[PDB]
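Asks: The structure is given below, and queries will be raised subsequently.
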There are 2 protein chains.
Amino acid sequence: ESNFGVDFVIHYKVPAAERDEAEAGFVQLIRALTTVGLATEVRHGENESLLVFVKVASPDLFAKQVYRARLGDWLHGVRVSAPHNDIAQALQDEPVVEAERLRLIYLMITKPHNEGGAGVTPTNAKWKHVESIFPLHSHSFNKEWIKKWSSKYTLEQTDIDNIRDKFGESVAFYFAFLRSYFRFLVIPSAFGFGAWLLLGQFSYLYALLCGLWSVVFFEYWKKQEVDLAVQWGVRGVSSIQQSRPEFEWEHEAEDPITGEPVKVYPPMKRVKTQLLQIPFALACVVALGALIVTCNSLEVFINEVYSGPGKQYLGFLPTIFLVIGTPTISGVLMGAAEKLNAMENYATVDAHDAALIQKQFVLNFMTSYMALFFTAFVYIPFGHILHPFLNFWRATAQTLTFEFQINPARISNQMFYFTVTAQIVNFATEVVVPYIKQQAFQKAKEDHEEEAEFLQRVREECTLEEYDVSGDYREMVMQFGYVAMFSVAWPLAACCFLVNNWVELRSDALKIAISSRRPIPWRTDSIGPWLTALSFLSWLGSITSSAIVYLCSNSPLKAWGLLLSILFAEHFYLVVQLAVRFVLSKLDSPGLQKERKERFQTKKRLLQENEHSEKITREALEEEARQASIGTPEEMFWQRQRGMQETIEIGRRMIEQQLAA
Amino acid sequence: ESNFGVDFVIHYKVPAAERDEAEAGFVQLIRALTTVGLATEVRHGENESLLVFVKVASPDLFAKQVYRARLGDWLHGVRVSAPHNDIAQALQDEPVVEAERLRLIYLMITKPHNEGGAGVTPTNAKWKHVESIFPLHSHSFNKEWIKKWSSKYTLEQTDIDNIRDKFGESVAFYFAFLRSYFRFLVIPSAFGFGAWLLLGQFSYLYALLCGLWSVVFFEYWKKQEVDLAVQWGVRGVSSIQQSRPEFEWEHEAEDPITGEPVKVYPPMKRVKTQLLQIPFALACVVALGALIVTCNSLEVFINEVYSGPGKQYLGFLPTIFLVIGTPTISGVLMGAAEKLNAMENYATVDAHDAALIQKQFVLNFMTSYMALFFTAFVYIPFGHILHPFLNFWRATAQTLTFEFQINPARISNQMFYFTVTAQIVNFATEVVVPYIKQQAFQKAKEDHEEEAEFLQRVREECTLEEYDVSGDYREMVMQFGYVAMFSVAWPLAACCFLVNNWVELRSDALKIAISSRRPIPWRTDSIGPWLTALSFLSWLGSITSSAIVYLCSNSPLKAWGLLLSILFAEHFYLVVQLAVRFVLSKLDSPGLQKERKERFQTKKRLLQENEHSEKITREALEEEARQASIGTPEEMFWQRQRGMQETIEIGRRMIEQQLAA
Ligand SMILES: [Ca+2]
Ligand SMILES: [Ca+2]
Ligand SMILES: [Ca+2]
Ligand SMILES: [Ca+2]
């Protein structure tokens with residue numbers, strides 16, 4: 001139930017084909033680990049691998065490394081004050097959390113020799129046999145965390161702080177984002193319940209309301225994250241650029257700022273494959289669009305022809321099957337997105353991650369909303385254009401066996417089926433399928449007889465995949481997109497997503513608990529490029545919900561109404577965006593006062609670290625001595641009234657002279 | 001042609017009604033001036049006033065004050081580095097310009113005793129007889145500056161820097177803004193010339209073009225001003241809050257940041273008179289709107305009735321008279337705006353100035369564009385609603401003497417008459433009327449017989465009004481508004497404004513030269529609240545130019561077209577705003593590199609101001625001695641393979657064992 005003090009575990013798969021070269025890499029690896037002061041320990045890994053175990057046996061060099069990284073943060077404006085202790089007397093002032101300790105150990109194993117480390121990143125260096133470097137998982141904290149999160153109803157800030165001190169900043173930002181989003185989802189849940197009871201289907205007021213809610217939630221989260229970045233001492237980390245190890249280069253050019261020749265790569269070679277996104281984008285758009293329009297034509301052909309013998313529920317069976325098939329096509333889609341992004345040689349890890357978020361968000365946007373767009377914006381306004389598909393299905397099924405009435409409330413049933421089966425498929429794919437996978441490999445399953453269970457748990461933890469938080473961001477961003485631009489089709493969607501988010505805030509916590517190895521703790525200022533995604537989804541929601549409520553509320557479609565509704569709701573979005581930004585500028589979050597007060601008090605301590613007429617007539621006497629040494633008329637003008645009492649009495653007699661005249 | 005070294009002149013009007021009290025205030029004034037180390041000198045002022053003259057006779061206390069203000073800038077993040085010289089050996093490192101010197105002297109005469117100064121601001125303190133504190137005007141620089149600006153065609157950056165070193169930062173920001181705006185006006189001048197030749201009246205392409213030009217000009221100026229604020233060492237000054245002297249208060253509450261009890265004022269008392277703007281706003285809107293609709297009805301009645309005996313030029317004579325009357329009504333309008341803003345008790349000078357800019361911009365917006373709005377958006381789409389005014393004028397003029405055909409190209413003639421007579425009225429009111437005023441008071445017009453002409457020039461300089469740069473900002477912002485939202489009515493407006501701006505960049509320079517006393521040099525990071533005005537005017541231009549080109553291009557007015565054109569051009573504005581912001585993020589202005597490079601080099605100098613296996617087995621031996629003193633199984637696990645060569649050979653024999661199995 002407790003580790004052996006091990007901070008990191010390296011896998012180092014030794015295949016039989018390259019045994020001697022992998023042995024030379026092994027001895028070079030453990031040499032390089034011993035140079036940076038890591039006590040090593042070698043144990044057996046299954047299928048010919050060598051689990052080596054590292055730790056800092058030297059607390060003095062560890063505190064020296066901690067002080068060096070704190071100075072590196074202080075140079076880039078991260079820390080408020082310097083450590084001010086080259087000796088370890090600042091560690092008692094500010095302790096090291098487990099996340100900061102594991103991050104600095106990972107930097108000592110990851111950074112190159114110029115940075116003061118033994119860089120053993122797998123693909124770029126010679127270390128092609130280093131499979132995975134990963135920290136361990138403390139089960140005594142894990143079980144307590146899962147139990148205390150399942151027991152409570154709401155989560156305080158101390159729970160997110162306990163996530164911060166043991167899983168880095170990024171996982172804690174995800175849980176803080178999901179907690180704040182779950183708390184803000186109760187407003188359109190209640191208002192959608194009210195609109196589903198009272199206002200009838202497709203109410204305009206709920207469209208304006210969910211637009212306003214998306215604005216206030218996005219701006220409030222953008223305030224709350226800079227508050228959290230002040231509180232965790234991580235504000236401004238995105239200015240620091242981490243050099244990606246797999247970034248190839250050609251030259252080593254002039255110094256930008258520091259004095260160091262940084263390695264460069266010709267950007268036209270980058271744009272040559274940046275433009276590889278565009279034919280891939282158009283190809284994937286038309287492929288998924290042809291699949292979606294084929295599914296839509298098939299379901300309308302089926303519910304026209306069979307006339308619903310069993311149920312009308314059987315009519316949207318192709319839509320249900322398409323949503324079921326959507327995670328499988330999105331798997332190869334994200335694979336071909338990640339391969340394309342990795343081929344696009346990116347300099348720093350921030351830009352590489354941001355481009356991966358952009359490609360993954362575009363592909364998931366298409367495969368999550370193009371069915372509902374073809375339902376709302378194509379099928380409802382003019383649905384006669386898919387009649388060749390209908391007569392094609394008729395001419396095929398007539399040989400195979402040997403009046404359209406486009407319902408405007410088809411989108412409500414479609415959105416209900418979409419939300420429910422997407423909830424079921426997402427819940428099955430997220431936890432239940434890995435639950436039965438780990439229970440299946442549980443029933444399918446020397447070494448010093450005391451450390452046996454420890455090496456058992458490490459050998460089984462090597463097989464798990466590393467937890468990426470990008471996917472759990474993307475799921476919630478898409479759910480927010482459903483809320484922003486399709487809740488007017490089905491106003492109980494916010495209530496369903498509220499229940500899903502309360503289950504999800506424990507479910508994704510369970511995924512980090514037992515279905516994935518502990519992620520390498522990184523620091524981030526924010527959720528990063530997902531803020532652009534939330535902003536774009538809210539802006540598109542203000543257009544789309546209004547056009548949906550006009551086109552489904554529908555008389556012929558008077559296009560004088562549609563453009564006016566789109567214009568009014570989009571300008572209402574812009575006006576409420578200005579209003580909420582102006583209001584949230586005035587709230588005076590306490591972290592800003594704390595940061596600027598500490599900075600001013602430190603520089604005020606530096607400030608404190610750093611008769612009259614006598615002086616005036618003395619300098620006038622000095623200038624008179626310089627005049628008598630020798631330019632002259634201003635000298636006479638200043639030497640008229642030298643003493644101040646002379647000026648007083650001359651001014652008073654001049655008041656008397658001006659009183660005479 | 002040269003001063004007597006005088007830095008400041010104080011007027012101190014002594015009326016005969018309060019002669020003894022003003023004399024006591026005089027002796028207290030010159031006492032307080034002598035405490036802060038200012039050599040004083042009293043000369044006669046006309047109509048019973050006492051021009052006292054100050055200077056720093058003590059360069060040591062002046063350099064001490066300079067170092068104190070530089071530390072005050074360094075605490076608030078303005079300066080890159082500290083002065084690092086309590087002795088005056090930093091003044092040789094960075095010299096004092098005349099603007100910084102005069103600003104610090106004005107702070108020594110303006111700041112209270114707690115700040116280390118003798119605060120003699122007129123209305124708040126007892127000094128109700130101090131009329132005006134003002135610096136002098138160096139004519140040898142003035143004549144050279146006017147001559148070298150009239151000789152050149154274009155102005156280099158060195159001219160704006162010579163304005164910066166002698167008139168502060170704010171006047172130099174105005175001249176830099178007018179130079180950059182005059183340089184960017186040549187693009188819609190040439191394109192409007194092309195549209196006026198080729199494309200015919202009311203072209204949509206010119207509307208999209210001037211929208212794009214307004215975007216690129218506004219974003220390029222917003223980049224250029226942070227570049228200039230880096231270069232002049234003034235970046236970040238807007239974070240510093242200057243306490244307004246006339247700000248009344250009730251309490252002196254807790255300390256926000258510094259430690260000082262700041263004085264507070266109940267904000268509900270402020271909102272009580274903030275809401276006095278709204279009935280004043282609605283009253284002024286309906287008053288100017290009734291005047292404009294009366295003028296419009298009168299001119300259409302006149303050109304209907306008389307049928308143009310002389311000319312059609314005589315028909316818009318009421319519009320010409322209304323533009324002529326516009327500076328006179330705007331005078332009392334800005335008076336009642338400034339009185340309302342001064343009644344609204346504002347804490348700091350930044351918020352007070354920003355609210356004055358907001359009120360003045362709203363009133364000048366109405367009186368500059370509501371005539372053209374009632375022409376374009378009311379008279380052209382539906383003009384039958386003003387027929388009661390027409391029959392009213394008929395029923396009056398029928399007793400007084402004893403078919404409408406609304407032309408869509410009426411706005412072109414209106415905009416031409418508006419631009420031309422506004423140019424003529426603005427040029428007459430700006431320079432020519434003060435030119436004949438100063439030549440009229442020239443022909444209408446003891447004391448030691450050597451300083452006679454100096455006291456003559458100071459006595460005549462007291463009568464001039466202090467130059468406010470807000471008015472010369474507001475004129476150009478309104479001209480930019482004409483370009484942004486009405487150039488499609490008359491595409492030569494940009495060419496006319498280009499010629500006007502080339503004349504204006506010397507004319508407003510002449511106004512500071514001889515028609516106004518030298519302004520007290522202030523520091524500002526930017527043009528401030530006018531950036532919101534340019535952004536709002538460009539955004540409204542994207543709507544208004546498109547609606548104008550549809551409604552005047554006009555068939556009946558198909559309102560399916562109007563909303564689509566407004567929507568397309570506004571979203572084109574938003575898309576090109578994103579595009580230009582993304583492009584200008586990548587240009588890498590050199591001032592940012594210079595600032596962050598100097599900051600990193602200073603903190604890197606502070607950074608530089610601040611065997612392996614032996615240590616590893618030594619700490620392992622220490623922990624073994626602690627174990628033998630006595631928790632134990634991890635100790636045994638770490639003490640298995642102590643030395644690194646032991647780990648090497650144990651790992652190699654384990655490779656051999658995994659090779660056996
Ligand atoms: Ca899930
Ligand atoms: Ca998830
Ligand atoms: Ca002018
Ligand atoms: Ca002007």
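Note on naming: chains are A, B, ... as they come in the structure tokens, residues start from 1 per chain, ligands start from 1 in the order shown.
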Give as a PyMOL selection string the residues surrounding ligand 3 up to a distance of 8 Å, considering only C-alpha atoms and all ligand atoms.

Replies: chain B and resi 423+426-427+429-431+472+475+500+504+507-508

Asks: Show me which bits of chain A are within 7 Å of chain B, counting only C-alpha atoms, as an MDAnalysis selection string.

Replies: chainID A and resid 4 27 34:35 37 39 41:42 48 57:58 75 257:258 559:560 563:564 567 593 597 600 603 612:613 616 619:620 634 641 647:648 651 658

Asks: Neighbouring residues of segment 334-351 of chain B were defined as those with any atom within 9 Å, considering only C-alpha atoms; residues of the same chain fewer than 4 positions away were excluded. Please report them as a VMD selection string.

Replies: chain B and resid 238 241 to 249 264 to 265 269 to 274 276 to 277 329 to 330 355 to 356 359 to 360 363 to 364 528

Asks: Within 12 Å of residue 586 of chain B, counting only C-alpha atoms, which residues show up once you throw out same-chain ones fewer than 6 positions away? Write them as number ranges by chain, please.

Replies: B: 223, 579-580

Asks: Could you go through segment 492-592 of chain A and tell me which residues DSSP, when run on the backbone, assigns to helix (DSSP H, G or I), listing them as a ChimeraX atom specification?

Replies: /A:493-514,530-553,559-585,590-592

Asks: Segment 106-122 of chain B: which residues within 9 Å, counting only C-alpha atoms, same-chain residues fewer than 2 positions away excluded, as a PyMOL selection string?

Replies: chain B and resi 8+29+32-33+35-36+65+101-104+124-135+245-246+520-521

Asks: Can you measure atom CA of residue 489 of chain B to atom CA of residue 408 of chain B for me? One decimal in Å is fine.

Replies: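 For atom CA of residue 489 of chain B relative to atom CA of residue 408 of chain B, the distance reads 10.3 Å.
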
Asks: So that I can check the surroundings of residue 415 of chain B, please list as a compact mmCIF listing (two decimals) with N, CA and C atoms, in the first residue's frame every protein, DNA and RNA residue that reaches within 10 Å of it, counting only C-alpha atoms and ignoring chain neighbours fewer than 3 positions away.

Replies:
```txt
# COMPACT_ATOMS: atom_id res chain seq x y z
N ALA B 371 -26.80 64.65 -38.47
CA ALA B 371 -27.31 65.17 -39.73
C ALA B 371 -27.14 64.15 -40.85
N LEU B 372 -25.98 63.52 -40.92
CA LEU B 372 -25.75 62.54 -41.97
C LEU B 372 -26.51 61.25 -41.70
N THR B 375 -29.95 61.96 -42.84
CA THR B 375 -29.98 61.94 -44.30
C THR B 375 -29.99 60.52 -44.83
N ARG B 410 -28.59 62.30 -52.90
CA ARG B 410 -28.58 63.53 -52.13
C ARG B 410 -27.48 63.50 -51.08
N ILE B 411 -27.15 62.31 -50.59
CA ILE B 411 -26.13 62.17 -49.55
C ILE B 411 -24.75 62.51 -50.08
N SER B 412 -24.50 62.32 -51.38
CA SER B 412 -23.20 62.66 -51.93
C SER B 412 -22.98 64.17 -51.93
N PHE B 418 -20.80 69.16 -46.53
CA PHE B 418 -20.46 68.98 -45.13
C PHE B 418 -18.95 68.98 -44.93
N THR B 419 -18.23 68.20 -45.73
CA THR B 419 -16.79 68.12 -45.61
C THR B 419 -16.13 69.45 -45.95
N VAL B 420 -16.59 70.11 -47.02
CA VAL B 420 -15.93 71.35 -47.44
C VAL B 420 -16.19 72.49 -46.46
N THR B 421 -17.45 72.69 -46.05
CA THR B 421 -17.69 73.81 -45.15
C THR B 421 -17.23 73.48 -43.73
N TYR B 482 -15.58 60.19 -40.08
CA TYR B 482 -16.06 60.51 -41.43
C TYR B 482 -15.49 59.55 -42.45
N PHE B 486 -18.53 57.23 -43.71
CA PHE B 486 -19.23 57.98 -44.74
C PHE B 486 -18.42 58.20 -46.00
N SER B 487 -17.29 57.52 -46.18
CA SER B 487 -16.53 57.73 -47.40
C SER B 487 -17.18 57.12 -48.62
N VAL B 488 -18.11 56.18 -48.45
CA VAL B 488 -18.76 55.60 -49.61
C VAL B 488 -19.80 56.55 -50.20
N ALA B 489 -20.21 57.57 -49.46
CA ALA B 489 -21.06 58.59 -50.06
C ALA B 489 -20.27 59.52 -50.96
N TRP B 490 -18.99 59.73 -50.66
CA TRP B 490 -18.17 60.69 -51.40
C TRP B 490 -16.73 60.25 -51.26
N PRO B 491 -16.23 59.46 -52.21
CA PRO B 491 -14.91 58.84 -52.04
C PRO B 491 -13.72 59.78 -52.13
N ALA B 493 -13.41 62.16 -50.03
CA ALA B 493 -13.30 62.68 -48.67
C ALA B 493 -11.96 62.31 -48.06
```

Asks: Name the residues in contact with residue 192 of chain B at a cut-off of 9 Å, using only C-alpha atoms, excluding same-chain residues fewer than 2 positions from it; report them as a PyMOL selection string.

Replies: chain B and resi 187-190+194-197+206+210+487-488+490-495

Asks: Using only C-alpha atoms, can you tell me which of B:235, B:457, B:394, B:571 comes closest to residue 208 of chain B?

Replies: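 Closest to residue 208 of chain B, using only C-alpha atoms: B:571.
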
Asks: By how many Å are atom CA of residue 168 of chain A and atom CA of residue 90 of chain A apart?

Replies: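 Answer for the atom CA of residue 168 of chain A to atom CA of residue 90 of chain A separation: 21.0 Å.
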